[PDB]
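Asker: So here's entry-v4.tsv (TSV, N, CA and C atoms and all ligand atoms).
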```
chain	number	residue	atom	x	y	z
Z	1	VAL	N	-14.83	0.67	-6.61
Z	1	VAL	CA	-14.35	0.14	-5.29
Z	1	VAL	C	-14.74	-1.33	-5.09
Z	2	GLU	N	-15.90	-1.71	-5.61
Z	2	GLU	CA	-16.32	-3.10	-5.51
Z	2	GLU	C	-15.30	-3.92	-6.31
Z	3	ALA	N	-14.74	-3.30	-7.34
Z	3	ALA	CA	-13.73	-3.97	-8.17
Z	3	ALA	C	-12.50	-4.41	-7.35
Z	4	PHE	N	-12.16	-3.65	-6.31
Z	4	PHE	CA	-11.00	-3.95	-5.46
Z	4	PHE	C	-11.36	-4.81	-4.23
Z	5	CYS	N	-12.65	-5.09	-4.05
Z	5	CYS	CA	-13.06	-5.86	-2.89
Z	5	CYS	C	-12.81	-7.34	-3.02
Z	6	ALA	N	-11.70	-7.79	-2.44
Z	6	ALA	CA	-11.33	-9.19	-2.47
Z	6	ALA	C	-10.03	-9.43	-1.73
Z	7	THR	N	-9.69	-10.70	-1.57
Z	7	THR	CA	-8.44	-11.08	-0.92
Z	7	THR	C	-7.41	-11.21	-2.04
Z	8	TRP	N	-6.31	-10.47	-1.93
Z	8	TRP	CA	-5.26	-10.49	-2.95
Z	8	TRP	C	-3.92	-10.99	-2.44
Z	9	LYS	N	-3.18	-11.67	-3.31
Z	9	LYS	CA	-1.86	-12.16	-2.96
Z	9	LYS	C	-0.79	-11.57	-3.91
Z	10	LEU	N	0.31	-11.11	-3.31
Z	10	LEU	CA	1.41	-10.52	-4.06
Z	10	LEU	C	2.02	-11.60	-4.95
Z	11	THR	N	2.10	-11.34	-6.24
Z	11	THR	CA	2.68	-12.32	-7.15
Z	11	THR	C	3.98	-11.82	-7.76
Z	12	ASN	N	4.24	-10.52	-7.65
Z	12	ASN	CA	5.46	-9.94	-8.22
Z	12	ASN	C	5.66	-8.46	-7.89
Z	13	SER	N	6.90	-8.06	-7.64
Z	13	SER	CA	7.18	-6.65	-7.36
Z	13	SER	C	8.53	-6.28	-7.96
Z	14	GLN	N	8.62	-5.06	-8.47
Z	14	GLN	CA	9.84	-4.58	-9.08
Z	14	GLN	C	10.32	-3.26	-8.48
Z	15	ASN	N	11.62	-3.22	-8.17
Z	15	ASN	CA	12.27	-2.04	-7.62
Z	15	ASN	C	11.78	-1.63	-6.23
Z	16	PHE	N	11.15	-2.55	-5.51
Z	16	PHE	CA	10.65	-2.22	-4.18
Z	16	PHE	C	11.75	-1.90	-3.15
Z	17	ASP	N	12.93	-2.48	-3.32
Z	17	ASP	CA	14.05	-2.24	-2.41
Z	17	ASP	C	14.54	-0.80	-2.47
Z	18	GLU	N	14.60	-0.23	-3.67
Z	18	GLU	CA	15.07	1.14	-3.81
Z	18	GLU	C	14.03	2.13	-3.29
Z	19	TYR	N	12.76	1.84	-3.56
Z	19	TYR	CA	11.68	2.70	-3.08
Z	19	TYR	C	11.80	2.79	-1.56
Z	20	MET	N	12.03	1.65	-0.91
Z	20	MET	CA	12.15	1.62	0.55
Z	20	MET	C	13.36	2.39	1.06
Z	21	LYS	N	14.44	2.33	0.29
Z	21	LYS	CA	15.68	3.03	0.62
Z	21	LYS	C	15.43	4.53	0.66
Z	22	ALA	N	14.65	5.00	-0.31
Z	22	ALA	CA	14.30	6.41	-0.43
Z	22	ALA	C	13.45	6.85	0.76
Z	23	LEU	N	12.48	6.02	1.13
Z	23	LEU	CA	11.60	6.33	2.24
Z	23	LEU	C	12.41	6.39	3.52
Z	24	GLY	N	13.66	5.95	3.43
Z	24	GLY	CA	14.53	5.96	4.58
Z	24	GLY	C	14.30	4.81	5.53
Z	25	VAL	N	13.63	3.75	5.07
Z	25	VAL	CA	13.36	2.61	5.93
Z	25	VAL	C	14.63	1.80	6.26
Z	26	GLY	N	14.77	1.44	7.53
Z	26	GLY	CA	15.92	0.68	8.00
Z	26	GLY	C	16.22	-0.67	7.35
Z	27	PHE	N	17.50	-1.02	7.36
Z	27	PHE	CA	18.00	-2.25	6.77
Z	27	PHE	C	17.28	-3.50	7.25
Z	28	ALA	N	17.00	-3.56	8.54
Z	28	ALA	CA	16.31	-4.71	9.12
Z	28	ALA	C	14.89	-4.87	8.58
Z	29	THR	N	14.23	-3.76	8.26
Z	29	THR	CA	12.86	-3.82	7.75
Z	29	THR	C	12.79	-4.08	6.24
Z	30	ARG	N	13.79	-3.62	5.49
Z	30	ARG	CA	13.81	-3.85	4.04
Z	30	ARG	C	14.05	-5.34	3.75
Z	31	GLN	N	14.94	-5.95	4.53
Z	31	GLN	CA	15.22	-7.38	4.38
Z	31	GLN	C	13.88	-8.09	4.50
Z	32	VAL	N	13.10	-7.70	5.50
Z	32	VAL	CA	11.79	-8.30	5.71
Z	32	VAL	C	10.85	-7.95	4.56
Z	33	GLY	N	10.89	-6.70	4.12
Z	33	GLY	CA	10.03	-6.27	3.03
Z	33	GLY	C	10.38	-6.89	1.69
Z	34	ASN	N	11.58	-7.46	1.58
Z	34	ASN	CA	12.03	-8.08	0.33
Z	34	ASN	C	11.68	-9.56	0.19
Z	35	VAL	N	11.61	-10.28	1.30
Z	35	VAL	CA	11.30	-11.70	1.28
Z	35	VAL	C	9.85	-12.07	1.66
Z	36	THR	N	9.03	-11.08	1.98
Z	36	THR	CA	7.65	-11.37	2.36
Z	36	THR	C	6.67	-11.18	1.21
Z	37	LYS	N	5.70	-12.08	1.13
Z	37	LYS	CA	4.66	-11.99	0.12
Z	37	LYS	C	3.38	-11.81	0.93
Z	38	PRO	N	2.97	-10.56	1.13
Z	38	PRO	CA	1.76	-10.23	1.90
Z	38	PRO	C	0.45	-10.56	1.21
Z	39	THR	N	-0.58	-10.73	2.02
Z	39	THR	CA	-1.91	-10.99	1.52
Z	39	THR	C	-2.64	-9.69	1.86
Z	40	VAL	N	-3.14	-9.00	0.84
Z	40	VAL	CA	-3.85	-7.74	1.00
Z	40	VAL	C	-5.36	-7.94	0.87
Z	41	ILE	N	-6.08	-7.69	1.97
Z	41	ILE	CA	-7.53	-7.84	1.98
Z	41	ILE	C	-8.18	-6.47	1.95
Z	42	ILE	N	-8.94	-6.21	0.90
Z	42	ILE	CA	-9.62	-4.94	0.77
Z	42	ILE	C	-11.11	-5.25	0.80
Z	43	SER	N	-11.85	-4.50	1.62
Z	43	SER	CA	-13.27	-4.72	1.78
Z	43	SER	C	-13.98	-3.46	2.28
Z	44	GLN	N	-15.30	-3.44	2.15
Z	44	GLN	CA	-16.12	-2.34	2.64
Z	44	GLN	C	-16.83	-2.91	3.87
Z	45	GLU	N	-16.59	-2.31	5.03
Z	45	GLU	CA	-17.22	-2.81	6.24
Z	45	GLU	C	-18.04	-1.69	6.86
Z	46	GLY	N	-19.30	-1.66	6.46
Z	46	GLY	CA	-20.20	-0.64	6.95
Z	46	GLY	C	-19.96	0.62	6.16
Z	47	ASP	N	-19.69	1.70	6.89
Z	47	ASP	CA	-19.44	3.02	6.34
Z	47	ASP	C	-18.06	3.18	5.68
Z	48	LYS	N	-17.11	2.38	6.14
Z	48	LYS	CA	-15.75	2.50	5.65
Z	48	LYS	C	-15.19	1.43	4.76
Z	49	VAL	N	-13.96	1.70	4.32
Z	49	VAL	CA	-13.20	0.82	3.47
Z	49	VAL	C	-11.99	0.39	4.30
Z	50	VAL	N	-11.82	-0.92	4.41
Z	50	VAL	CA	-10.76	-1.51	5.21
Z	50	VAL	C	-9.68	-2.18	4.37
Z	51	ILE	N	-8.42	-1.88	4.68
Z	51	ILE	CA	-7.29	-2.48	3.97
Z	51	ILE	C	-6.37	-3.19	4.96
Z	52	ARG	N	-6.41	-4.52	4.93
Z	52	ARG	CA	-5.61	-5.36	5.80
Z	52	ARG	C	-4.46	-6.01	5.04
Z	53	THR	N	-3.25	-5.90	5.58
Z	53	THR	CA	-2.09	-6.47	4.94
Z	53	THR	C	-1.52	-7.49	5.92
Z	54	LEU	N	-1.63	-8.76	5.56
Z	54	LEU	CA	-1.18	-9.83	6.43
Z	54	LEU	C	0.20	-10.33	6.00
Z	55	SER	N	1.10	-10.28	6.97
Z	55	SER	CA	2.47	-10.79	6.85
Z	55	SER	C	2.89	-11.43	8.18
Z	56	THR	N	3.87	-12.31	8.07
Z	56	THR	CA	4.35	-13.11	9.21
Z	56	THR	C	5.36	-12.31	10.04
Z	57	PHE	N	5.57	-11.08	9.61
Z	57	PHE	CA	6.53	-10.17	10.24
Z	57	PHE	C	5.82	-8.91	10.75
Z	58	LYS	N	4.62	-8.72	10.24
Z	58	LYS	CA	3.78	-7.56	10.59
Z	58	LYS	C	2.37	-7.72	10.03
Z	59	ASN	N	1.42	-7.35	10.87
Z	59	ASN	CA	-0.01	-7.33	10.52
Z	59	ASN	C	-0.60	-5.94	10.79
Z	60	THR	N	-0.80	-5.21	9.71
Z	60	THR	CA	-1.29	-3.81	9.74
Z	60	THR	C	-2.82	-3.79	9.63
Z	61	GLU	N	-3.40	-2.58	9.53
Z	61	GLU	CA	-4.83	-2.50	9.20
Z	61	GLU	C	-5.44	-1.13	9.34
Z	62	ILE	N	-5.92	-0.50	7.77
Z	62	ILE	CA	-6.19	0.90	7.96
Z	62	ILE	C	-7.65	1.05	7.59
Z	63	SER	N	-8.77	1.60	8.26
Z	63	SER	CA	-10.18	1.66	7.91
Z	63	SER	C	-10.44	3.14	7.68
Z	64	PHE	N	-11.23	3.47	6.67
Z	64	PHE	CA	-11.43	4.87	6.38
Z	64	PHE	C	-12.61	5.16	5.49
Z	65	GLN	N	-12.83	6.45	5.28
Z	65	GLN	CA	-13.87	6.93	4.40
Z	65	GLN	C	-13.13	7.68	3.31
Z	66	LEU	N	-13.50	7.41	2.07
Z	66	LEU	CA	-12.90	8.04	0.92
Z	66	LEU	C	-12.94	9.55	1.04
Z	67	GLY	N	-11.82	10.19	0.73
Z	67	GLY	CA	-11.74	11.63	0.79
Z	67	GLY	C	-11.48	12.20	2.18
Z	68	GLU	N	-11.46	11.35	3.20
Z	68	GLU	CA	-11.21	11.84	4.56
Z	68	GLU	C	-9.83	11.50	5.10
Z	69	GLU	N	-9.12	12.53	5.54
Z	69	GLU	CA	-7.79	12.37	6.10
Z	69	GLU	C	-7.87	11.61	7.41
Z	70	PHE	N	-6.88	10.77	7.67
Z	70	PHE	CA	-6.82	9.98	8.90
Z	70	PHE	C	-5.36	9.76	9.28
Z	71	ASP	N	-5.11	9.36	10.52
Z	71	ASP	CA	-3.74	9.10	10.95
Z	71	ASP	C	-3.38	7.67	10.61
Z	72	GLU	N	-2.13	7.45	10.24
Z	72	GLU	CA	-1.71	6.11	9.88
Z	72	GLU	C	-0.30	5.84	10.37
Z	73	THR	N	-0.13	4.69	11.00
Z	73	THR	CA	1.19	4.28	11.46
Z	73	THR	C	1.56	3.18	10.49
Z	74	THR	N	2.54	3.46	9.64
Z	74	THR	CA	2.95	2.50	8.64
Z	74	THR	C	3.81	1.36	9.16
Z	75	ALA	N	4.04	0.38	8.30
Z	75	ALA	CA	4.83	-0.79	8.64
Z	75	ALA	C	6.25	-0.38	9.04
Z	76	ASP	N	6.79	0.63	8.36
Z	76	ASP	CA	8.13	1.10	8.67
Z	76	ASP	C	8.09	2.14	9.78
Z	77	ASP	N	6.93	2.24	10.43
Z	77	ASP	CA	6.71	3.13	11.56
Z	77	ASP	C	6.82	4.64	11.31
Z	78	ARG	N	6.08	5.12	10.32
Z	78	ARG	CA	6.05	6.55	10.00
Z	78	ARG	C	4.63	6.94	10.34
Z	79	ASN	N	4.47	7.98	11.15
Z	79	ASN	CA	3.14	8.43	11.51
Z	79	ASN	C	2.76	9.45	10.44
Z	80	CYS	N	1.78	9.09	9.62
Z	80	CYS	CA	1.37	9.93	8.52
Z	80	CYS	C	-0.06	10.46	8.61
Z	81	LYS	N	-0.35	11.43	7.75
Z	81	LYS	CA	-1.68	12.00	7.60
Z	81	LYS	C	-2.04	11.49	6.20
Z	82	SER	N	-2.93	10.53	6.13
Z	82	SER	CA	-3.29	9.93	4.86
Z	82	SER	C	-4.70	10.17	4.36
Z	83	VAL	N	-4.89	9.92	3.08
Z	83	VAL	CA	-6.17	10.04	2.44
Z	83	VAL	C	-6.26	9.02	1.31
Z	84	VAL	N	-7.34	8.26	1.29
Z	84	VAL	CA	-7.53	7.29	0.23
Z	84	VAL	C	-8.72	7.81	-0.56
Z	85	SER	N	-8.63	7.74	-1.88
Z	85	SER	CA	-9.73	8.22	-2.68
Z	85	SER	C	-9.81	7.52	-4.03
Z	86	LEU	N	-10.92	7.76	-4.71
Z	86	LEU	CA	-11.14	7.20	-6.03
Z	86	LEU	C	-10.90	8.33	-7.03
Z	87	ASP	N	-10.18	8.00	-8.10
Z	87	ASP	CA	-9.88	8.95	-9.16
Z	87	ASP	C	-10.29	8.23	-10.44
Z	88	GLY	N	-11.57	8.32	-10.78
Z	88	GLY	CA	-12.05	7.66	-11.98
Z	88	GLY	C	-12.21	6.16	-11.79
Z	89	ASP	N	-11.12	5.42	-11.92
Z	89	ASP	CA	-11.20	3.97	-11.77
Z	89	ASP	C	-10.07	3.46	-10.87
Z	90	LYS	N	-9.17	4.37	-10.50
Z	90	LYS	CA	-8.02	4.06	-9.65
Z	90	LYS	C	-8.21	4.46	-8.18
Z	91	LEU	N	-7.62	3.67	-7.29
Z	91	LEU	CA	-7.66	3.95	-5.86
Z	91	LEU	C	-6.32	4.63	-5.53
Z	92	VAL	N	-6.37	5.89	-5.12
Z	92	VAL	CA	-5.15	6.63	-4.78
Z	92	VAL	C	-4.95	6.77	-3.28
Z	93	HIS	N	-3.77	6.36	-2.81
Z	93	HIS	CA	-3.41	6.42	-1.39
Z	93	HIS	C	-2.24	7.42	-1.25
Z	94	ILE	N	-2.44	8.46	-0.44
Z	94	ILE	CA	-1.42	9.48	-0.24
Z	94	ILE	C	-1.03	9.58	1.25
Z	95	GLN	N	0.28	9.57	1.50
Z	95	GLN	CA	0.81	9.65	2.86
Z	95	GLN	C	1.71	10.88	3.05
Z	96	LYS	N	1.46	11.65	4.10
Z	96	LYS	CA	2.24	12.86	4.36
Z	96	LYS	C	2.84	12.88	5.77
Z	97	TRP	N	4.16	12.97	5.84
Z	97	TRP	CA	4.89	13.02	7.11
Z	97	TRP	C	6.16	13.87	6.93
Z	98	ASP	N	6.62	14.50	8.01
Z	98	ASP	CA	7.83	15.34	7.97
Z	98	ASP	C	7.97	16.13	6.66
Z	99	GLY	N	6.94	16.89	6.31
Z	99	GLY	CA	6.98	17.68	5.10
Z	99	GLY	C	7.19	16.86	3.83
Z	100	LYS	N	6.94	15.56	3.91
Z	100	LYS	CA	7.12	14.69	2.75
Z	100	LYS	C	5.80	14.11	2.25
Z	101	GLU	N	5.86	13.48	1.08
Z	101	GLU	CA	4.69	12.87	0.46
Z	101	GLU	C	5.04	11.71	-0.49
Z	102	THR	N	4.39	10.57	-0.29
Z	102	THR	CA	4.56	9.42	-1.17
Z	102	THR	C	3.13	8.95	-1.47
Z	103	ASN	N	2.93	8.33	-2.63
Z	103	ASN	CA	1.59	7.87	-2.99
Z	103	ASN	C	1.53	6.52	-3.68
Z	104	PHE	N	0.43	5.80	-3.46
Z	104	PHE	CA	0.21	4.50	-4.08
Z	104	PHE	C	-1.03	4.56	-4.98
Z	105	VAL	N	-0.90	3.98	-6.15
Z	105	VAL	CA	-2.00	3.91	-7.08
Z	105	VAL	C	-2.31	2.42	-7.26
Z	106	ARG	N	-3.57	2.07	-7.05
Z	106	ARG	CA	-4.02	0.70	-7.19
Z	106	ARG	C	-5.06	0.75	-8.30
Z	107	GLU	N	-4.89	-0.07	-9.33
Z	107	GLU	CA	-5.84	-0.11	-10.44
Z	107	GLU	C	-5.92	-1.52	-10.96
Z	108	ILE	N	-7.10	-1.90	-11.45
Z	108	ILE	CA	-7.33	-3.23	-11.98
Z	108	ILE	C	-6.84	-3.31	-13.43
Z	109	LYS	N	-5.93	-4.24	-13.69
Z	109	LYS	CA	-5.37	-4.38	-15.03
Z	109	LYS	C	-5.33	-5.83	-15.50
Z	110	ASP	N	-6.12	-6.11	-16.55
Z	110	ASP	CA	-6.20	-7.43	-17.17
Z	110	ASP	C	-6.33	-8.56	-16.18
Z	111	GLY	N	-7.28	-8.43	-15.27
Z	111	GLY	CA	-7.49	-9.46	-14.27
Z	111	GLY	C	-6.80	-9.20	-12.93
Z	112	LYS	N	-5.64	-8.55	-12.95
Z	112	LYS	CA	-4.91	-8.30	-11.71
Z	112	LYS	C	-4.94	-6.87	-11.15
Z	113	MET	N	-4.46	-6.74	-9.92
Z	113	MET	CA	-4.38	-5.43	-9.29
Z	113	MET	C	-2.94	-4.96	-9.40
Z	114	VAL	N	-2.73	-3.84	-10.08
Z	114	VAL	CA	-1.39	-3.29	-10.25
Z	114	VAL	C	-1.21	-2.15	-9.25
Z	115	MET	N	-0.19	-2.25	-8.42
Z	115	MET	CA	0.06	-1.21	-7.43
Z	115	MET	C	1.33	-0.45	-7.76
Z	116	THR	N	1.18	0.84	-8.06
Z	116	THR	CA	2.31	1.69	-8.37
Z	116	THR	C	2.63	2.57	-7.17
Z	117	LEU	N	3.82	2.41	-6.60
Z	117	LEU	CA	4.24	3.20	-5.44
Z	117	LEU	C	5.30	4.21	-5.88
Z	118	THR	N	5.08	5.48	-5.61
Z	118	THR	CA	6.07	6.47	-5.99
Z	118	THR	C	6.46	7.49	-4.92
Z	119	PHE	N	7.75	7.79	-4.90
Z	119	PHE	CA	8.31	8.75	-3.97
Z	119	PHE	C	9.24	9.64	-4.78
Z	120	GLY	N	8.87	10.91	-4.95
Z	120	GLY	CA	9.70	11.79	-5.75
Z	120	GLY	C	9.85	11.17	-7.13
Z	121	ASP	N	11.08	10.91	-7.55
Z	121	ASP	CA	11.29	10.31	-8.86
Z	121	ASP	C	11.55	8.80	-8.80
Z	122	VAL	N	11.33	8.21	-7.63
Z	122	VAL	CA	11.53	6.77	-7.47
Z	122	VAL	C	10.19	6.04	-7.55
Z	123	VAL	N	10.13	5.08	-8.47
Z	123	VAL	CA	8.93	4.30	-8.72
Z	123	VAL	C	9.11	2.81	-8.43
Z	124	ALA	N	8.10	2.19	-7.82
Z	124	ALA	CA	8.11	0.76	-7.52
Z	124	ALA	C	6.75	0.20	-7.95
Z	125	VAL	N	6.75	-1.03	-8.46
Z	125	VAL	CA	5.52	-1.67	-8.92
Z	125	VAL	C	5.30	-3.01	-8.24
Z	126	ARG	N	4.05	-3.32	-7.93
Z	126	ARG	CA	3.70	-4.57	-7.27
Z	126	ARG	C	2.46	-5.11	-7.95
Z	127	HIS	N	2.46	-6.40	-8.23
Z	127	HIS	CA	1.33	-7.04	-8.86
Z	127	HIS	C	0.63	-7.96	-7.88
Z	128	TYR	N	-0.70	-7.95	-7.94
Z	128	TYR	CA	-1.50	-8.78	-7.07
Z	128	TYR	C	-2.51	-9.59	-7.86
Z	129	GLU	N	-2.75	-10.82	-7.41
Z	129	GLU	CA	-3.71	-11.72	-8.02
Z	129	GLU	C	-4.72	-12.13	-6.95
Z	130	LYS	N	-5.99	-12.23	-7.35
Z	130	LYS	CA	-7.04	-12.61	-6.42
Z	130	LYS	C	-6.83	-14.02	-5.88
Z	131	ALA	N	-7.28	-14.24	-4.65
Z	131	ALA	CA	-7.17	-15.54	-4.00
Z	131	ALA	C	-8.03	-16.58	-4.72
Z	201	LIG	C1	0.17	1.89	6.58
Z	201	LIG	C2	0.45	0.45	6.15
Z	201	LIG	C3	1.94	0.16	6.11
Z	201	LIG	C4	2.51	-1.05	5.96
Z	201	LIG	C5	1.82	-2.39	5.79
Z	201	LIG	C6	2.55	-3.51	6.50
Z	201	LIG	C7	3.55	-4.26	6.02
Z	201	LIG	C8	4.17	-4.16	4.64
Z	201	LIG	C9	5.39	-5.04	4.45
Z	201	LIG	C10	6.65	-4.78	4.84
Z	201	LIG	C11	7.16	-3.55	5.55
Z	201	LIG	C12	8.02	-2.70	4.63
Z	201	LIG	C13	7.89	-1.40	4.33
Z	201	LIG	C14	6.84	-0.43	4.83
Z	201	LIG	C15	6.56	0.67	3.82
Z	201	LIG	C16	5.63	0.67	2.86
Z	201	LIG	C17	4.63	-0.44	2.59
Z	201	LIG	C18	3.84	-0.29	1.31
Z	201	LIG	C19	2.88	-1.12	0.86
Z	201	LIG	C20	2.37	-2.39	1.52
Z	201	LIG	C21	2.57	-3.65	0.64
Z	201	LIG	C22	1.21	-4.20	0.18
Z	201	LIG	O1	0.33	-3.53	-0.34
Z	201	LIG	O2	1.10	-5.53	0.40
```
Show the structure stored in the file as C-alpha cells.
Answerer:
Amino acid sequence: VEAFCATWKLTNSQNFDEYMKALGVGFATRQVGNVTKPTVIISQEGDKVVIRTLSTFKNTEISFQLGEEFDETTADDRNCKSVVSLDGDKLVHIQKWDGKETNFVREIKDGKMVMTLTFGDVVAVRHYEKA
C-alpha cells in the first residue's frame, strides 16, 4: 500500500470509452471522461486509505479501511457497495449496484501504476505516472 502512496497523473488509457458505454454512463459524461486527464492522489490518512481523483469536471473522494464495505457515489452517479483490498501486491476495487459488479485492479508495473478496469467481458486500461 505504501507503494501506491503518491500523487499520480494519467498518462494513457485504452478502450475507456467502451468500458463506460457498458457501465451505461451517459453521452454527456463519457465526452468528459474521454478528454480529462485526472490526478489520482492515494494516501493513508490515519486509520484509512484515501483516494482522491481531481478533475476540472468533477472532484470525487473515497476514504476506507481495507476489507470493509462502504457506500460510494461514483462520478457517473451510481450508488454502490464497494470494497477495496490488497491481493498480494495488487489493490482491488470492487463496486456493486443493481445486481451488477465491476472491478478495478491497480498494480505497480515498471515504475508506473497500471489500472485495469473490467466489466463482464469488457476491459479498459489506464496508465499512471508519479508526479
Ligand atoms: C467512485 C469514484 C468515481 C469516479 C471518480 C471521478 C471522476 C472520473 C472521471 C470521469 C467520469 C467518468 C466515468 C465514471 C466511471 C468510472 C470512473 C473510473 C475510474 C476513475 C479514473 C481514475 O482513476 O482517474
Asker: Let me make sure I understand: among Z:103, Z:11, Z:73, Z:63, which one has the smallest atom-to-atom distance to ligand LIG 201 (chain Z) if we use only N, CA and C atoms and all ligand atoms?
Answerer: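 With only N, CA and C atoms and all ligand atoms as the atom set, the closest residue is Z:73.
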Asker: From (14.4, 2.9, -9.3), in the file's coordinates, out to 12 Å: which residues are reached, counting only C-alpha atoms? Answer as a ChimeraX atom specification.
Answerer: /Z:14-22,117-125
Asker: Could you list the protein, DNA and RNA residues that have any atom within 5 Å of ligand LIG 201 (chain Z), counting only N, CA and C atoms and all ligand atoms, and write them as a list in words?
Answerer: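 So the residues close to ligand LIG 201 (chain Z) are residues 33, 38, 60, 73, 74, 75 and 76 of chain Z.
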Asker: Can you list every residue in region 5-57 of chain Z that DSSP puts in strand (DSSP E or B), as a ChimeraX atom specification?
Answerer: /Z:6-14,39-45,48-54
Asker: If you run DSSP over the backbone, which residues in region 11-44 of chain Z end up alpha helix (DSSP H)? Put them as a list in words.
Answerer: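 Filtering region 11-44 of chain Z down to alpha helix (DSSP H) leaves residues 16, 17, 18, 19, 20, 21, 22, 27, 28, 29, 30, 31, 32, 33, 34 and 35 of chain Z.
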Asker: Taking all atoms listed in the file into account, name the residue in Z:115, Z:94, Z:10, Z:23 that is nearest to residue 130 (chain Z).
Answerer: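 Smallest separation from residue 130 (chain Z) among the options: Z:10.
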Asker: For a test of reading the model, state the distance in Å between atom C of residue 111 (chain Z) and CA of residue 128 (chain Z), rounded to one decimal.
Answerer: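 Distance reported for this atom pair: 7.9 Å.
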Asker: Quick check, in Å to one decimal: how far apart do atom C of residue 66 (chain Z) and atom C of residue 80 (chain Z) lie?
Answerer: 15.0 Å
Asker: Kindly give the distance, in Å, that separates CA of residue 109 (chain Z) and CA of residue 70 (chain Z), rounded to a single decimal.
Answerer: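 So the two atoms, CA of residue 109 (chain Z) and CA of residue 70 (chain Z), lie 27.9 Å apart.
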Asker: Might I get the box with edges along x, y and z of the file that holds all atoms of region 10-16 of chain Z listed there, padded by 8 Å on every side, given as centre and edge lengths in Å to one decimal, as AutoDock Vina command-line options?
Answerer:
```
--center_x 6.3 --center_y -7.0 --center_z -6.1 --size_x 28.0 --size_y 26.7 --size_z 21.9
```
Asker: Counting only N, CA and C atoms, what is within 7 Å of residue 42 (chain Z), bar same-chain residues fewer than 2 positions away, as a PyMOL selection string?
Answerer: chain Z and resi 4-8+40+44+49-52
Asker: So that I can check the surroundings of residue 72 (chain Z), please list as a count of residues only every protein, DNA and RNA residue that reaches within 7 Å of it, counting only C-alpha atoms and ignoring chain neighbours fewer than 3 positions away.
Answerer: 4
